[PDB]
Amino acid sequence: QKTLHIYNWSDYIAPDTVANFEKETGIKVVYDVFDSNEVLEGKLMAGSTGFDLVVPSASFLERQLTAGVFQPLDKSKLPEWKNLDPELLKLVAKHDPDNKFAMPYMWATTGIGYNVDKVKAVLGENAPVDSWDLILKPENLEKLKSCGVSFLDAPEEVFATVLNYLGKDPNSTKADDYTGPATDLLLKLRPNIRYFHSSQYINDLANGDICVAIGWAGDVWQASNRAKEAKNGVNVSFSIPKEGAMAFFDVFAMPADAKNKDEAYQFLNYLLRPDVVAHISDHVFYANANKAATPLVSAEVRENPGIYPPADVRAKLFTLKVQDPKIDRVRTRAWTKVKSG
């Protein structure tokens, strides 16, 4: 009886995906979850992860490749790879040349989640919910503190977002952009932020304990759906702001020391089935990377422009680039200053 160890983001699979896979294959799955690319990167760089499959964002996977922590995927063992959208593959290939190591899973944007009724109560019916001004303008964040503000604990994403908002290159390579204007704005906003966290904001939005957050798109749409099913009167929405936003592509990868690679390939092939991955999108409110799966995705998810955004919105999205050690050091130091103080 072989097993399979999977490490994925929290709130990123359907409730029955693993159980259905177990029943069909007789494999027992050990499934654990994270909410931080930094936590996963640290595990991969410090020693064995103990997992057969892990799911980093592609921009982090680029750095992980330089350490040799993944096994190149045997495409002969992934017959339905063709189901993957070739345009998303090409974007991920910027981080993973010729798509040797990573299987695109889901993708979304880093935008603004908010409580519709509370934001209009505080900022009025003309609140700029289509703009990063809603939370990155100090005058606005000071008022929204009344009902709670959270930021992702995602340093590379938050700094890229702030740099873009400031009219800088989102992937600026000038240290002074981080230590000066980016830090200046974040510290002006810092007094109004209740916490930095990358998963507690989902239920807090759903229960009405925070009213605005920097959040991941599908996470916020999950919060909205949780509130509706609870019939608690909380109306949550998500915005991809007009100034653009970061896009991310989360990918399955196979640690080089994975014990049960054959079982791992069986699970990747299971995910490449259009019906399996469309069912996941239906429950987690994320766009998958499977072009063959799109007709099976529920209308509610597939037609949500905050999940599958239209071309004019996609044209304003940016992606993270890997920085050299100098900028990495300055960004991390600045992040700690922003959070603590």
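A residue's number is simply how far along the shown sequence it sits, counting from 1.
> Comparing 188 to 196 with 91 to 99, which has the greater mean CA B-factor as deposited?
The stretch with the larger average C-alpha B-factor is 188 to 196.
> Given the B-factors recorded for C-alpha atoms, which segment has the greater mean, 315 to 323 or 328 to 336?
Looking at the record's C-alpha B-factors, the answer is 328 to 336.
> From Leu144, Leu268, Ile240, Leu73, can you pick the one with the highest C-alpha B factor in the entry?
Out of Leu144, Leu268, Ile240, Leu73, the record gives the largest C-alpha B-factor to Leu144.
> Sorting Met106, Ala154, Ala264, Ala175 by Cα temperature factor from the record, which one lands on top?
When the deposited C-alpha B-factors of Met106, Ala154, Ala264, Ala175 are compared, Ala175 is largest.
> Can you work out whether the C-alpha temperature factor of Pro305 puts it in the lowest, middle or highest third of the chain?
Its C-alpha B-factor, which the entry lists for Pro305, ranks in the middle third among residues of this chain.
> Could you place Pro255 in the lowest, middle or highest third of its chain by Cα temperature factor, using the values in the record?
Its C-alpha B-factor, which the entry lists for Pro255, ranks in the lowest third among residues of this chain.
> Taking the values exactly as deposited, rank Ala247 by C-alpha B-factor within its chain and report the matching third: lowest, middle or highest.
Its C-alpha B-factor, which the entry lists for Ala247, ranks in the lowest third among residues of this chain.
> Name the third of the chain's ranked CA B-factors that contains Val284, choosing lowest, middle or highest.
Middle third by C-alpha B-factor.
> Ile202: which third of its chain by C-alpha temperature factor?
Answer is middle: the recorded C-alpha B-factor places it there.
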